[PDB]
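**Q** kindly generate the corresponding structure for this input.
(4 chains)
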Amino acid sequence: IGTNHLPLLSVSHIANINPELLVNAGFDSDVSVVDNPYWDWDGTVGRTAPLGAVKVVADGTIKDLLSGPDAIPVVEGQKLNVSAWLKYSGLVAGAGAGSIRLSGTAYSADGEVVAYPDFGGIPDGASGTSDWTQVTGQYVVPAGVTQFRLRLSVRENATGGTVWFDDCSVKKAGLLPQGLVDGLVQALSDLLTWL
Amino acid sequence: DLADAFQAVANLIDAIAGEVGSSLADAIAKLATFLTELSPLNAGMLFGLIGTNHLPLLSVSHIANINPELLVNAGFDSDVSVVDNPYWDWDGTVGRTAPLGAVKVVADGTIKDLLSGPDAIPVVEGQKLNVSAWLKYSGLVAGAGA
Amino acid sequence: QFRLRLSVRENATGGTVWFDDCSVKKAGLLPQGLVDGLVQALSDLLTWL
Amino acid sequence: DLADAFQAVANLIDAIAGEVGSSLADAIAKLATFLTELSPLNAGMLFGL
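**A** Numbering: from 1, shown residues only, chains lettered A, B, ... in the order given. Find the structure here:
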């Protein structure tokens, strides 16, 4: 639900909760992999029911995948954390720096890409096989950014294997920023400096 | 008469499909595209305004510093908010922003009024507000006064 | 409850008035008297000093 | 039997129109009132949380 449609909140209803942002983050259903000959939905490989994950074949090329839900409204401050359990089976991809790069798409006010902030992924030497591994990325929002999405990127140097992603979680984390309460920053600074 | 009735049945099929000269496949596709009670409901736009009492729990982390607009169709770029009004009508040729839509009024020496199409904006004590709008009077024969 | 009233008074006698880019926005920031007892605590500290 | 079938066709006209003894104008009006995925959705009440 958009921000401009919420006219008035409830101070009592305000509380401390950090819920998930994306819809169908765990890829447990067919949504978010719609109309794509590159990726597809799977119901037999995964951890959480119904064992739904993303299947893909790396034919020596680059790979990208977009979240089904639209842009998450991201703003300055309000740090975020991004994580996901990734796996690569039969990875014949070239052993190098790149391949899996868990990152996001930061769209501007009109919806323009500004950067490719990598919050995790595999290190150099992209080859072999592994299991569900988690990469954690703390993202701090630069100014002039309004929209966010979670992108799944695999560098062009990849040359084989099947990549699985599950339990995706992009969360807004932290407490109330100091510079939102009225004049409190100035008052506390004044008291401390006076003392 | 029998041929007319059979063509009426065909027209019923086409209408439940959504367009004249359609098929039963189009009919069932339209019925599937319609969202029933148990089916999901899109959150893409949700025009209007969501009341406060329906918001049980917010997110302190999600709280941040943004000031968005309040009214819906505030730019008068569409037909909403000017419906059923002899005094004021929507104009698709006059406007600074696309599709160049504004409000037109035939001031016949009288008082004219305009209200926002969306329902009440909920405000409370404190909570300062800012109001602005770009106005332009053309051919104003209105008497020079207060 | 609040609505945007747009009124051309009765003493007017002619013309056509156009409006665009109407913007009524709730402005400001978090009021002081919403956090719990913080007003009293800050006042107490300042008055103590 | 044929008269019953024709009256059934008329009853389906009325059923699409949402009320017995209505016309194709009411049928297409009800079709317009039908809300699809692409149709705008009113935030009037939205009962629940």
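**Q** would you map the helices across chain A?
**A** A:184-194 (DSSP state H).
**Q** kindly list the longest strand within it.
**A** Longest strand of chain A, by residue count under DSSP state E: strand A:77-89.
**Q** mind listing what's buried along it?
**A** A:78, A:80, A:81, A:82, A:83, A:84, A:85, A:86, A:87, A:88 (16 or more other Cβ atoms under 10 Å in any protein chain shown). No exception for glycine: its C-beta is placed from N, CA and C like everyone else's.
**Q** what do you get for stretch B:51-69?
**A** Here stretch B:51-69 shows B:51, B:58, B:61, B:62, B:63, B:64, B:69 as buried, counting by 16+ other Cβ under 10 Å.
**Q** just the ones of those in strands?
**A** Those of the buried residues of stretch B:51-69 lying in strands (DSSP E): none at all.
**Q** and those, which is closest to residue A:70?
**A** The closest of the buried residues of stretch B:51-69 to residue A:70 turns out to be residue B:62 (Cβ to Cβ; 16.5 Å).
**Q** which residue comes closest to the single nearest residue of chain A relative to chain C once chain neighbours are left out?
**A** Of all residues in chain A, residue A:181 sits closest to chain C, at 4.4 Å by Cβ to the nearest Cβ. If the residues on either side of it in the chain are set aside, residue A:181 comes closest to residue C:30, at 4.4 Å by Cβ to Cβ, 6 or more residues apart in numbering or on different chains.
**Q** dump the residue contacts of that neighbour.
**A** Residues counted as contacts of residue C:30 (Cβ atoms under 8 Å, 6 or more residues apart in numbering or on different chains) are A:176, A:180, A:181, A:182.
**Q** hey, where'd the helices end up in chain B?
**A** B:2-17, B:24-33.
**Q** neighbouring contacts of the first one?
**A** Looking back up the chat, that one is helix B:2-17. B:20-24, B:26-27, B:29-31, D:2, D:5-6, D:9, D:12-13, D:16, D:24, D:27-28, D:31.
**Q** end-to-end on stretch B:9-26?
**A** Terminal residues of stretch B:9-26 lie 15 Å apart, using Cα to Cα, to the nearest Å.
**Q** scratch that, stretch B:125-134
**A** 27 Å.
**Q** touching chain C at all, that stretch?
**A** Yes. Stretch B:125-134 comes into contact with chain C (Cβ under 8 Å from any Cβ of the partner chain), by way of B:126, B:127, B:128, B:129, B:130, B:131, B:132, B:133, B:134.
**Q** can you give me the offset of that stretch from its chain's centre?
**A** 22 Å (Cα atoms, centre = their mean, to the nearest Å).
**Q** now stretch B:85-103
**A** That offset, for stretch B:85-103, works out to 14 Å (Cα atoms, centre = their mean).
**Q** stretch A:61-81 too?
**A** Distance, centroid of stretch A:61-81 to centroid of chain: 5 Å (Cα atoms, centre = their mean).
**Q** ends of it, how far apart?
**A** End-to-end for stretch A:61-81, by Cα to Cα: 29 Å.
**Q** buried ones in stretch B:116-134?
**A** Those buried within stretch B:116-134 under the rule 16+ other Cβ under 10 Å are B:116, B:117, B:118, B:121, B:122, B:123.
**Q** quick one: is stretch B:22-34 near chain D?
**A** Yes. Using Cβ under 8 Å from any Cβ, a contact is recorded between stretch B:22-34 and chain D, made by B:30, B:33, B:34.
**Q** specify which member of the residues you listed is nearest to chain C.
**A** residue B:34 (33.7 Å).
**Q** contacts only, for that closest one.
**A** Counted by Cβ under 8 Å, 6+ apart, residue B:34 has contacts D:34, D:35, D:36, D:37.
**Q** the same query, at a cut-off of 6 Å, please.
**A** By Cβ atoms under 6 Å, 6 or more residues apart in numbering or on different chains, the contact list for residue B:34 reads residue D:36.
**Q** and residue B:108, how many neighbours?
**A** Look at residue B:108: counted by other Cβ atoms under 10 Å in any protein chain shown, it has 11 neighbours.
**Q** around chain A, which positions in chain B sit nearby?
**A** Those residues of chain B that sit near chain A, judged by Cβ under 6 Å from any Cβ of the partner chain, are B:43, B:46, B:49-50, B:52, B:57-62, B:64-66, B:68-69, B:121-122.
**Q** from what I can see residue B:136 touches residue C:18, true?
**A** Yes. With contact defined as Cβ atoms under 6 Å, residue B:136 reaches residue C:18; the gap is 4.8 Å.
**Q** ok, so of the contacts of residue C:30, who is nearest chain D?
**A** Minimum distance to chain D across the contacts of residue C:30 is 23.3 Å, recorded for residue A:176 (Cβ to the nearest Cβ).
**Q** which phi and psi does the closest one have?
**A** phi -60, psi 120 (degrees, to the nearest 10).
**Q** and the residue nearest the centre of chain A, how close does it get to chain D?
**A** For chain A, the residue nearest the mean C-alpha position is residue A:150 (3.9 Å; Cα atoms, centre = their mean). According to Cβ to the nearest Cβ, to the nearest Å, residue A:150 and chain D sit 24 Å apart.
**Q** about what we covered before: now, the most widely separated pair of the buried residues of strand A:77-89?
**A** A:78 and A:88 (32.3 Å).
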